[PDB]
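Heads up, the thing below is written out as structure tokens.
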Amino acid sequence: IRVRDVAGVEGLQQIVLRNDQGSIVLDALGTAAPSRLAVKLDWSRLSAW
Amino acid sequence: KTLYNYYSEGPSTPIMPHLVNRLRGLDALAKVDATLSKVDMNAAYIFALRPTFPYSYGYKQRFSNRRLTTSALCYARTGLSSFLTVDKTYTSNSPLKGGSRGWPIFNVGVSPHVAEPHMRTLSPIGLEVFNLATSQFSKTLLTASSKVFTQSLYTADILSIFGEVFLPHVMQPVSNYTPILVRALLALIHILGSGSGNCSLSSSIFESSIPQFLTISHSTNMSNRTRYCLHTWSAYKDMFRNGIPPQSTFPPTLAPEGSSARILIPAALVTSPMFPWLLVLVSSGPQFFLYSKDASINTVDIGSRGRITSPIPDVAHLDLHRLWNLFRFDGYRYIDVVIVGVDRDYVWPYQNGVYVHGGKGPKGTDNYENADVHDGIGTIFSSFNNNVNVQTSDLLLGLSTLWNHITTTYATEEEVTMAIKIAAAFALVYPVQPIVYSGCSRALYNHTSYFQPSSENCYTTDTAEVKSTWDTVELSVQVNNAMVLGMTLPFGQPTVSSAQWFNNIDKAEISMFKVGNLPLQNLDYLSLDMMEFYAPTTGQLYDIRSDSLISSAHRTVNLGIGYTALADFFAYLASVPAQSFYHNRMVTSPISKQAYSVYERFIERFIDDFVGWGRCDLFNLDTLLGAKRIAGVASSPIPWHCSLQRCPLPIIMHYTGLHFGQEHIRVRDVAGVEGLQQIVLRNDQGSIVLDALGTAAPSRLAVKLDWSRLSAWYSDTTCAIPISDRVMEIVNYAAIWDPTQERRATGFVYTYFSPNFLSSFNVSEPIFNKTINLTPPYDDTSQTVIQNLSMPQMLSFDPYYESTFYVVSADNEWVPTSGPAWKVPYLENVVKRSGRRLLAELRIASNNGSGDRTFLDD
Amino acid sequence: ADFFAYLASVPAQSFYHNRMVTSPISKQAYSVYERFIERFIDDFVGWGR
Amino acid sequence: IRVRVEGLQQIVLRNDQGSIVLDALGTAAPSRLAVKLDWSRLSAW
Amino acid sequence: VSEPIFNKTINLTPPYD
């Protein structure tokens with residue numbers, strides 16, 4: 001379980017949705033779920049997930 | 001570098017060099033990316049003008065078994081972002097919750113000092129004129145070189161009308177654009193609003209966000225206007241003898257109103273959006289008043305537990321002033337605007353019905369003969385007309401364009417830096433400091449003159465949730481006047497001037513005393529640069545953030561908050577009591593002027609060491625010593641033991657490096673009497689009456705030799721403030737013993753912030769719109785215990801002479817060297833970027849795929 | 001200029017009669033495009049852009 | 001008997017209305033230990 | 001005052017009383 005304070009945006013991804021008029025509608029932060037290959041190379045990723 | 005380096009560094013023994021070096025380092029860290037007011041205006045504005053200061057909070061108690069908050073997270077902000085008043089057309093007298101009857105005016109004068117002009121390079125035409133004027137002639141009657149003698153000293157027949165008009169300036173080419181840059185920074189910050197979002201005297205009404213729509217109001221009485229005349233170049237030069245207008249027009253600084261200044265602008269630059277902002281920012285102000293278009297949408301009321309009520313109960317009878325309305329600037333009173341290169345049928349592209357001297361006339365005729373004088377900037381371009389609704393982005397577009405043009409073409413890095421530092425002195429506005437008072441223990445009732453608990457200037461208006469017991473201010477007329485008179489700027493100066501607009505009568509009251517002064521902008525430099533007689537300085541910025549108005553404004557607000565924090569630190573070191581800044585500062589104990597005599601030394605040394613401007617323009621005692629005093633407002637019975645402190649403690653720790661962590665709370669068992677003193681009182685019969693234990697408060701010299709003593713002093717004397725009752729836990733065990741007081745026993749003072757205001761700290765950005773949750777969902781400690789963000793007790797109740805005083809045991813069971821028995825609030829600064837700030841950083845640093853920065857990187 | 005507008009992703013519709021009332025993409029596109037234009041003008045023409 | 005550098009103290013007292021009522025200079029009477037270590041201090045006293 | 005100009009806005013009163 002992670003308790004980090006975060007000040008540098010490492011590991012973060014911007015999630016954007018835009019309508020047909022070109023205007024942004026969501027613009028939310030997000031973290032990427034690990035792939036099964038990633039856990040195959042490092043099983044602790046599954047524990048973190 | 002914010003933490004790790006700076007948050008792990010504490011104060012050093014020579015404290016002024018340490019504080020100045022830290023402030024320089026923090027200014028280098030103040031970074032809002034310039035390519036952010038491109039994709040998201042509002043987020044960039046919020047980041048620039050309303051910074052956050054994250055910190056962690058906790059409490060400690062010795063024998064509790066109750067959970068209590070341990071590592072909470074909060075975001076501390078300072079300042080008024082706008083001002084709430086009764087509307088102009090309120091004919092009633094019933095008090096309105098949050099609506100002040102009037103507002104302060106922070107009147108700024110014209111400095112007697114002149115910004116030092118640095119050297120400039122001439123353009124090819126200026127160089128031609130210089131070479132002509134320095135050439136060798138025979139001065140015979142055959143050529144025109146004799147006309148300087150046969151016609152007049154001021155003849156154009158050798159250097160043209162232009163080289164003749166600009167001859168003194170091309171003999172010695174210099175310029176300085178600091179005054180206009182200062183006015184630009186101030187206009188941006190005052191229109192948008194720095195601070196915490198608080199927008200009232202009520203400490204609980206908050207402005208939802210940066211306003212989106214503004215409305216302009218004219219006032220003949222309050223406004224500080226400039227008179228304008230419009231001429232074509234041909235018409236302007238035809239009103240002087242043999243043509244040839246005067247060479248220099250810069251007036252003496254003591255008499256800017258004596259003559260008429262002129263500005264020479266080519267026809268190409270007139271249509272620029274920066275031109276009306278050029279006429280503003282160099283004139284007197286405010287020439288018009290700015291209000292939020294609708295107060296119901298952008299104002300909220302925050303309860304003591306964080307509940308947000310969007311429509312506050314008296315929206316329809318309130319006006320939300322911008323800080324623009326609270327400041328008054330002195331500049332030029334008469335300005336001639338001369339357009340160069342237009343025909344005799346020239347038409348003023350802005351406001352209709354305005355005819356340029358020598359342009360198109362009212363009847364459709366050309367070569368208009370009258371030089372009409374227009375009173376105020378609003379009588380020309382209609383974008384500043386009365387009752388005009390505008391969106392703030394279009395209003396500030398011209399300001400941003402002006403800043404970029406001047407800084408990238410005419411100014412230098414030194415001018416921009418100096419303008420930022422000067423503007424910081426006027427960038428923030430704070431309310432009168434609220435303080436509470438613990439009272440003293442019943443066991444010491446006969447040895448005190450301050451037995452009962454009390455509070456001063458604690459005003460809240462939320463009725464949705466339960467109100468804190470310390471907030472008992474009733475906003476009557478006299479109290480409203482006193483609280484307005486207590487409001488201060490970052491260096492602590494209050495204002496004596498104020499305005500008032502209700503019923504249907506518009507009235508202003510300006511005093512001779514001024515909060516400060518700004519230098520005049522020399523219009524000759526502007527004319528020379530727009531007429532292209534000086535070479536541009538385009539390659540002399542060296543910084544980045546200087547070409548952008550918004551990044552510079554962020555630097556200015558950061559510096560201004562730093563000024564406030566350092567001023568509070570200095571007031572603590574100088575032992576300046578909070579009451580020395582209230583409305584009745586001049587009629588209470590003589591300690592006020594004595595404290596000023598030390599406070600001024602601290603501020604003057606800081607300003608000389610860091611800013612570099614003339615000190616008297618940025619801080620002086622005139623408004624402090626010119627206090628008016630309201631008769632019908634008696635002061636609360638509180639001892640003068642707490643310092644000035646307009647900022648919460650975490651901000652002060654950010655700017656000074658003070659450490660107030662949990663490691664300073666003492667839990668010793670005590671078996672040997674080390675560090676203890678016996679406090680004895682005897683009556684005239686020789687019998688003992690008190691015989692109490694006590695610990696000696698540290699002297700300022702002791703903390704100067706060891707700054708950790710100050711951290712320990714905070715732990716030994718601070719208690720968490722309760723919500724529902726006026727019984728602080730500390731008074732059950734401890735009291736102050738002051739031999740310099742006739743009755744030696746007192747309680748504790750504790751600068752106050754109120755739970756409503758503290759709930760605004762629960763969100764990482766100051767946006768409050770009924771979808772934000774300010775209530776801590778899994779911690780109920782704040783339901784009964786308020787954070788204590790006050791600076792500790794003052795360490796000296798006499799500005800000049802040092803006398804030891806003590807914390808004594810009031811109950812005879814608690815031993816002072818054992819440690820506190822109450823709840824002790826430790827603190828720590830934390831580096832933490834908000835989610836909104838991280839999203840913006842991803843936009844402009846990892847998802848920025850603009851064509852430039854890819855293809856024009858070479 | 002056409003090549004720059006392509007490299008700067010300046011849409012064709014940002015030069016129509018209704019370029020201001022259609023989308024906020026237009027102002028951003030102008031901001032990007034003017035940099036290419038000024039850089040070229042200074043590098044080649046030498047006159048004041 | 002003295003007839004003519006700084007071993008004195010400024011003694012301050014204030015009342016409830018923040019007003020200084022004494023603001024006077026004073027000098028400390030010697031302790032009996034000081035008299036024991038220097039008997040001329042009693043003569044000065 | 002630094003200059004011999006005295007009309008109406010000049011403050012000739014002694015500073016800080």
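A note on labels: chains of the structure tokens are A, B, ... as shown, every chain counts residues from 1, and ligands are counted from 1 in their shown order.
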(request) Would you mind writing down, as JSON, numbers by chain, each residue of chain C that DSSP on the backbone assigns to helix (DSSP H, G or I)? (result) {"C": [2, 3, 4, 5, 6, 7, 12, 13, 14, 15, 19, 20, 21, 22, 25, 26, 27, 28, 29, 30, 31, 32, 33, 34, 35, 36, 37, 38, 39, 40, 41, 42, 43, 44, 45]}
Chain B residues near chain E within 10 Å, closest pair each, using only C-alpha atoms, as CSV:
residue,atom,partner,partner_atom,distance
B:112,CA,E:2,CA,8.1
B:252,CA,E:3,CA,8.5
B:253,CA,E:3,CA,9.4
B:254,CA,E:3,CA,7.3
B:255,CA,E:5,CA,7.6
B:257,CA,E:9,CA,9.9
B:258,CA,E:7,CA,9.8
B:512,CA,E:11,CA,7.6
B:513,CA,E:11,CA,9.3
B:620,CA,E:16,CA,9.7
B:621,CA,E:16,CA,7.5
B:622,CA,E:16,CA,6.7
B:623,CA,E:16,CA,10.0
B:624,CA,E:16,CA,10.0
B:625,CA,E:16,CA,7.2
B:626,CA,E:16,CA,8.9
Could you name the residues that touch segment 2-16 of chain A at 7 Å or less, counting only C-alpha atoms, but leaving out those on the same chain fewer than 4 positions away, as a short mmCIF file (atom, residue, chain, number, x, y, z; two decimals) with N, CA and C atoms, in the first residue's frame?
data_model
loop_
_atom_site.label_atom_id
_atom_site.label_comp_id
_atom_site.auth_asym_id
_atom_site.auth_seq_id
_atom_site.Cartn_x
_atom_site.Cartn_y
_atom_site.Cartn_z
N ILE A 24 -12.69 20.10 -24.91
CA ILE A 24 -12.38 19.05 -23.95
C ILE A 24 -13.59 18.83 -23.04
N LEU A 26 -13.39 15.88 -20.52
CA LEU A 26 -13.00 15.16 -19.31
C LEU A 26 -11.72 15.66 -18.66
N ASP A 27 -10.57 15.56 -19.34
CA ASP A 27 -9.27 15.99 -18.82
C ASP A 27 -9.03 15.49 -17.38
N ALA A 28 -8.85 14.18 -17.24
CA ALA A 28 -8.62 13.57 -15.94
C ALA A 28 -7.26 12.88 -15.87
N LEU A 29 -6.69 12.84 -14.67
CA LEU A 29 -5.47 12.10 -14.40
C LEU A 29 -5.76 10.61 -14.28
N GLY A 30 -4.73 9.80 -14.53
CA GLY A 30 -4.90 8.36 -14.45
C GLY A 30 -3.58 7.63 -14.43
N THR A 31 -3.61 6.45 -13.83
CA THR A 31 -2.47 5.54 -13.80
C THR A 31 -2.81 4.30 -14.61
N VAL B 831 6.15 19.48 0.43
CA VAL B 831 6.10 19.73 -1.01
C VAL B 831 5.06 18.79 -1.62
N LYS B 832 4.07 19.36 -2.28
CA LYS B 832 2.98 18.56 -2.86
C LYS B 832 2.29 19.40 -3.93
N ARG B 833 2.30 18.91 -5.17
CA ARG B 833 1.59 19.57 -6.25
C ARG B 833 0.16 19.06 -6.32
N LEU B 838 -0.62 19.20 -11.69
CA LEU B 838 0.03 18.10 -12.39
C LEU B 838 -0.56 17.90 -13.78
N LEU B 839 -1.89 18.03 -13.90
CA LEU B 839 -2.53 17.91 -15.21
C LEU B 839 -2.02 18.98 -16.17
N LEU B 842 1.53 18.03 -17.33
CA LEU B 842 1.48 17.03 -18.39
C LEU B 842 1.13 17.67 -19.73
#
(message) Could you list, as a list in words, every residue within 7 Å of residue 431 of chain B, counting only C-alpha atoms and ignoring same-chain residues fewer than 6 positions away?
(response)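 The residues satisfying every condition are residues 201, 486, 487 and 488 of chain B.
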Go ahead and write the selection's residues with C-alpha atoms as an mmCIF file, in the first residue's frame.
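In the end it all went to result02.cif:
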data_model
loop_
_atom_site.group_PDB
_atom_site.id
_atom_site.type_symbol
_atom_site.label_atom_id
_atom_site.label_comp_id
_atom_site.auth_asym_id
_atom_site.auth_seq_id
_atom_site.Cartn_x
_atom_site.Cartn_y
_atom_site.Cartn_z
ATOM 1 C CA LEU B 201 -14.657 40.901 6.471
ATOM 2 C CA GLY B 486 -7.434 47.783 10.705
ATOM 3 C CA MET B 487 -6.780 46.410 7.212
ATOM 4 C CA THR B 488 -3.127 46.298 6.134
#
Which residues, written as a PDB file with N, CA and C atoms, in the first residue's frame, have at least one atom at most 12 Å from residue 42 of chain D, with only C-alpha atoms counted and residues fewer than 2 positions away on the same chain left out?
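As a result, result-v5.pdb now contains:
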ATOM      1  N   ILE D   1      31.559  56.595  49.596  1.00  0.00           N
ATOM      2  CA  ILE D   1      30.483  57.360  48.979  1.00  0.00           C
ATOM      3  C   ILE D   1      30.868  57.662  47.538  1.00  0.00           C
ATOM      4  N   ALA D  29      20.354  45.440  45.506  1.00  0.00           N
ATOM      5  CA  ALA D  29      21.008  45.320  46.798  1.00  0.00           C
ATOM      6  C   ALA D  29      21.893  44.077  46.813  1.00  0.00           C
ATOM      7  N   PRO D  30      23.070  44.146  47.428  1.00  0.00           N
ATOM      8  CA  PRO D  30      23.972  42.992  47.410  1.00  0.00           C
ATOM      9  C   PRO D  30      23.409  41.827  48.206  1.00  0.00           C
ATOM     10  N   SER D  31      23.727  40.622  47.749  1.00  0.00           N
ATOM     11  CA  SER D  31      23.399  39.428  48.509  1.00  0.00           C
ATOM     12  C   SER D  31      24.404  39.252  49.641  1.00  0.00           C
ATOM     13  N   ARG D  32      23.994  38.509  50.672  1.00  0.00           N
ATOM     14  CA  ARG D  32      24.882  38.306  51.812  1.00  0.00           C
ATOM     15  C   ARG D  32      26.114  37.498  51.427  1.00  0.00           C
ATOM     16  N   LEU D  33      26.009  36.651  50.403  1.00  0.00           N
ATOM     17  CA  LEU D  33      27.190  35.954  49.905  1.00  0.00           C
ATOM     18  C   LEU D  33      28.187  36.926  49.285  1.00  0.00           C
ATOM     19  N   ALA D  34      27.694  37.925  48.551  1.00  0.00           N
ATOM     20  CA  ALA D  34      28.580  38.946  48.002  1.00  0.00           C
ATOM     21  C   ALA D  34      29.266  39.727  49.113  1.00  0.00           C
ATOM     22  N   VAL D  35      28.535  40.021  50.188  1.00  0.00           N
ATOM     23  CA  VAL D  35      29.139  40.666  51.350  1.00  0.00           C
ATOM     24  C   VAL D  35      30.206  39.767  51.961  1.00  0.00           C
ATOM     25  N   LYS D  36      29.930  38.465  52.036  1.00  0.00           N
ATOM     26  CA  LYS D  36      30.905  37.521  52.568  1.00  0.00           C
ATOM     27  C   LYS D  36      32.180  37.517  51.738  1.00  0.00           C
ATOM     28  N   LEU D  37      32.046  37.578  50.415  1.00  0.00           N
ATOM     29  CA  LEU D  37      33.214  37.562  49.545  1.00  0.00           C
ATOM     30  C   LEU D  37      33.846  38.937  49.370  1.00  0.00           C
ATOM     31  N   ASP D  38      33.154  40.008  49.762  1.00  0.00           N
ATOM     32  CA  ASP D  38      33.707  41.359  49.667  1.00  0.00           C
ATOM     33  C   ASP D  38      33.003  42.216  50.715  1.00  0.00           C
ATOM     34  N   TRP D  39      33.679  42.446  51.841  1.00  0.00           N
ATOM     35  CA  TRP D  39      33.059  43.171  52.942  1.00  0.00           C
ATOM     36  C   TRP D  39      32.907  44.657  52.654  1.00  0.00           C
ATOM     37  N   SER D  40      33.633  45.189  51.671  1.00  0.00           N
ATOM     38  CA  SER D  40      33.455  46.588  51.304  1.00  0.00           C
ATOM     39  C   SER D  40      32.109  46.846  50.639  1.00  0.00           C
ATOM     40  N   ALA D  44      29.545  50.129  51.080  1.00  0.00           N
ATOM     41  CA  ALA D  44      28.861  50.844  50.008  1.00  0.00           C
ATOM     42  C   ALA D  44      27.354  50.822  50.212  1.00  0.00           C
ATOM     43  N   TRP D  45      26.818  49.694  50.685  1.00  0.00           N
ATOM     44  CA  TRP D  45      25.381  49.593  50.920  1.00  0.00           C
ATOM     45  C   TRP D  45      24.925  50.580  51.988  1.00  0.00           C
TER      46      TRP D  45
END
(request) Could you please determine the separation between atom CA of residue 471 of chain B and atom CA of residue 724 of chain B in Å, to one decimal place? (result)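 Atom-to-atom, atom CA of residue 471 of chain B and atom CA of residue 724 of chain B are spaced 10.8 Å apart.
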(message) Using only C-alpha atoms, can you tell me which of B:20, B:38, B:769, B:202 comes closest to chain C?
(response) B:38
(request) Within 7 Å of segment 393-401 of chain B, counting only C-alpha atoms, which residues show up once you throw out same-chain ones fewer than 5 positions away? Write them as a list in words, please. (result) residues 184, 273, 274, 277 and 549 of chain B
Could you take the residues named above and write them with C-alpha atoms, as an mmCIF file, in the first residue's frame?
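Listing of out.cif after writing:
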data_model
loop_
_atom_site.group_PDB
_atom_site.id
_atom_site.type_symbol
_atom_site.label_atom_id
_atom_site.label_comp_id
_atom_site.auth_asym_id
_atom_site.auth_seq_id
_atom_site.Cartn_x
_atom_site.Cartn_y
_atom_site.Cartn_z
ATOM 1 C CA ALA B 184 0.886 46.744 -15.186
ATOM 2 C CA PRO B 273 -5.067 46.572 -28.125
ATOM 3 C CA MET B 274 -2.163 47.632 -25.888
ATOM 4 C CA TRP B 277 -3.679 50.105 -21.546
ATOM 5 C CA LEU B 549 2.981 39.096 -17.706
#
(request) Pull out every residue of chain B sitting within 8 Å of chain C, counting only C-alpha atoms, and send them as a PyMOL selection string. (result) chain B and resi 38-39+850-852+856
(message) My list of candidates is B:498, B:21, B:552, B:71. Which is closest to residue 57 of chain B when distances are computed with only C-alpha atoms?
(response)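 Ranked by minimum distance to residue 57 of chain B, first place goes to B:71.
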(message) List as JSON, numbers by chain the protein and nucleic acid residues near residue 51 of chain B, meaning an atom at most 10 Å away when only C-alpha atoms are counted, but skip any in the same chain fewer than 2 places from it.
(response) {"B": [46, 47, 48, 49, 53, 54, 75, 76, 77, 78, 194, 195, 196, 554, 557, 558, 561, 764, 765, 766]}
(request) Taking only C-alpha atoms into account, report as a ChimeraX atom specification which residues of chain A lie within 9 Å of chain C. (result) /A:21-23
For those residues, write N, CA, C and O atoms to a file as a PDB file, in the first residue's frame.
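File part_16.pdb, as written:
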ATOM      1  N   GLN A  21     -16.968  19.193 -31.477  1.00  0.00           N
ATOM      2  CA  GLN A  21     -16.678  20.614 -31.619  1.00  0.00           C
ATOM      3  C   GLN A  21     -15.244  20.969 -31.250  1.00  0.00           C
ATOM      4  O   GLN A  21     -14.860  22.135 -31.384  1.00  0.00           O
ATOM      5  N   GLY A  22     -14.445  20.004 -30.803  1.00  0.00           N
ATOM      6  CA  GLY A  22     -13.079  20.262 -30.403  1.00  0.00           C
ATOM      7  C   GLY A  22     -12.891  20.639 -28.950  1.00  0.00           C
ATOM      8  O   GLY A  22     -11.747  20.838 -28.526  1.00  0.00           O
ATOM      9  N   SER A  23     -13.966  20.737 -28.174  1.00  0.00           N
ATOM     10  CA  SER A  23     -13.861  21.114 -26.773  1.00  0.00           C
ATOM     11  C   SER A  23     -13.566  19.902 -25.899  1.00  0.00           C
ATOM     12  O   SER A  23     -14.120  18.820 -26.104  1.00  0.00           O
TER      13      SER A  23
END
(message) I need the strand (DSSP E) residues of chain D per DSSP on the backbone, written as a ChimeraX atom specification.
(response) /D:9-11,24-26
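Atom pair atom CA of residue 691 of chain B / atom CA of residue 670 of chain B has a distance of 19.1 Å (rounded to one decimal).
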(message) Just the number, please: distance in Å from atom CA of residue 176 of chain B to atom CA of residue 224 of chain B, one decimal.
(response)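 Straight-line distance from atom CA of residue 176 of chain B to atom CA of residue 224 of chain B works out to 25.0 Å.
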